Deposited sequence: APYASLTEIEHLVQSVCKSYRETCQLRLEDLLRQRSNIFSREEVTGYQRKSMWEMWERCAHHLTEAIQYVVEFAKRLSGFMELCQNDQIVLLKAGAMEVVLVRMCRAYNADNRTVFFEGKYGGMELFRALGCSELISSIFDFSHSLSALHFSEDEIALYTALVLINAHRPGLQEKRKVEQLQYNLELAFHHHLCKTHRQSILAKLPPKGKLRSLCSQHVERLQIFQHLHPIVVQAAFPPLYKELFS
């Protein structure tokens, strides 16, 4: 390796990220004054639990679809065997979304951009999972305090996804090599932009714990509403989480 080759990886990951975002950062910034009214909030709160679940799982699934496209443009990803591509996406895609959502989060009033306006965590009360919701919102507040650039999110999310410790990987060496090259590229970029102080502040088990809390909450919902899950949750969502 050499610096040019590492810096090429950085630019390639940032571009892949840019083309697979879904919502552009400037779009999200320009809507920050567009906040749900007390009555719109109340409207969300009065929705049935099963309806709120279906809507949320829909938007999450759409988000995950963009993560898949990001993966497919990640240098090295498509050269892994398909078994390993799937392992990495099953364990990683939700973690990616949870990192990517800090872009849509306004830490000044603790709201998130959801179905066209910003709203507070109380918007999601009808879900019945205040503890998970609260921890997601805190997680995003933590990440917002770092002031991630778009390049930092790109590189960090690549590393969330390319993790050679995922159980089930058939060629764990090949993934380790990819991961180490991505780690070098991220750290290189931080060293060049005088941002190495963030290394210390990145989250620890934390991403894992949020994804676990998601899955245990789903098993409770599907036990109480199994036909709703069968008939009205997206196929992709069930494939990743059920």
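- Counting the deposited sequence from 1, the stretches lacking C-alpha coordinates are 1-3, 208.
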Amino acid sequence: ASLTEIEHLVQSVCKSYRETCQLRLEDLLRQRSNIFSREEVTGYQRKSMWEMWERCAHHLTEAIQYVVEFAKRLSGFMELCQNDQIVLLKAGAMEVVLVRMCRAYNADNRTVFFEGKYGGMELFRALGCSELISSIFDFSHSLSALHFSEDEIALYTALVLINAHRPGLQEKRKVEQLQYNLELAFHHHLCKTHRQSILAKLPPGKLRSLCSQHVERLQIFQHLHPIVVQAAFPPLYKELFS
From here on, numbers count along this sequence of modelled residues.
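- Higher mean CA temperature factor between 74-82 and 125-133: 74-82, per the PDB entry.
- If you average the C-alpha B-factors over 7-15 and over 20-28, the higher value belongs to 20-28.
- Within the group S33, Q179, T61, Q196, the record's highest C-alpha temperature factor is found at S33.
- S48: CA B factor lies in the lowest third for its chain, per the PDB record.
- Residue-level temperature factors show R55 in the middle third of its chain, judged at the C-alpha atom.
- Compared with the other modelled residues of the chain, the Cα B-factor recorded for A145 ranks in the highest third.
- Sort the chain's modelled residues by C-alpha temperature factor and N163 lands in the middle third, per the entry.
- Among the modelled residues of its chain, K90 has a C-alpha B-factor that falls in the lowest third according to the deposited record.
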